[PDB]
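In structure tokens, one chain follows: the form deposited in one PDB entry.
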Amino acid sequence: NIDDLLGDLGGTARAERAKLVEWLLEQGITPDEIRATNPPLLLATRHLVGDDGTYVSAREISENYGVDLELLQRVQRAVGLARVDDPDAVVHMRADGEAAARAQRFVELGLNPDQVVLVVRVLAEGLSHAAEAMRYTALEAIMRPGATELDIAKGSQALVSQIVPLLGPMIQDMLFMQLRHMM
């Protein structure tokens, strides 16, 4: 039964949530994932940006990718998306752990760890602004008059599915373009 996924909701909101929850289950999402995510609207879109629901600790990342734990935690701080600053706290999205684990390779090439950590810090800040600009841009395109939660979920998955393949190549090209025009 869905009802506990629906909770306190009533009226039109509960009816729209029912049809959304129904579509997500067919999408292969669990009751378990829907409870932990409010609103459940973006569950069939987050996997397109690499959130599969898996979480890891800094120590797991360290051992699994063979990187220095302390350096890793500096990078996690510099990105600044999860707090719990405990090496055994399982609070990092898998893809975030793996991304943070790349930083050490720059260090092994002789780059200064302080400076690497600083770059990550400035990049994260610049990208967090672009992210928010990106969010608004996408919403404008998805959000149409009188749309239900399910309409929005379907429209978001379609649009983000088409955008994601382009975003990676683009950001990469934009970085190298800035690096071509240093001085």
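For clarity, a rigid core is taken as the largest C-alpha set superposing within 1.5 Å between two forms. Residues that one form lacks are left out of the comparison. All residue numbers are counted from 1 along the displayed sequence.
Only in words, not in the display: the form deposited in another entry, which the text now covers.
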{"property": "Residue among 27, 115, 54, 137 whose Cα moves 2 Å or more between the shown form and the other one, once the rigid core is superposed", "result": "27"}
{"property": "C-alpha of residue 163 off by 2 Å or more between the shown form and the other one on rigid core", "result": "no"}
{"property": "Threshold 2 Å Cα movement between the shown form and the other one at residue 13, rigid core reference", "result": "yes"}
{"property": "Core-aligned C-alpha movement of residue 127 between the shown form and the other one, 2 Å or more", "result": "no"}
{"property": "Displacement runs between the shown form and the other one, C-alpha, 2 Å or more, three or more consecutive residues, core aligned", "result": "1 to 41"}
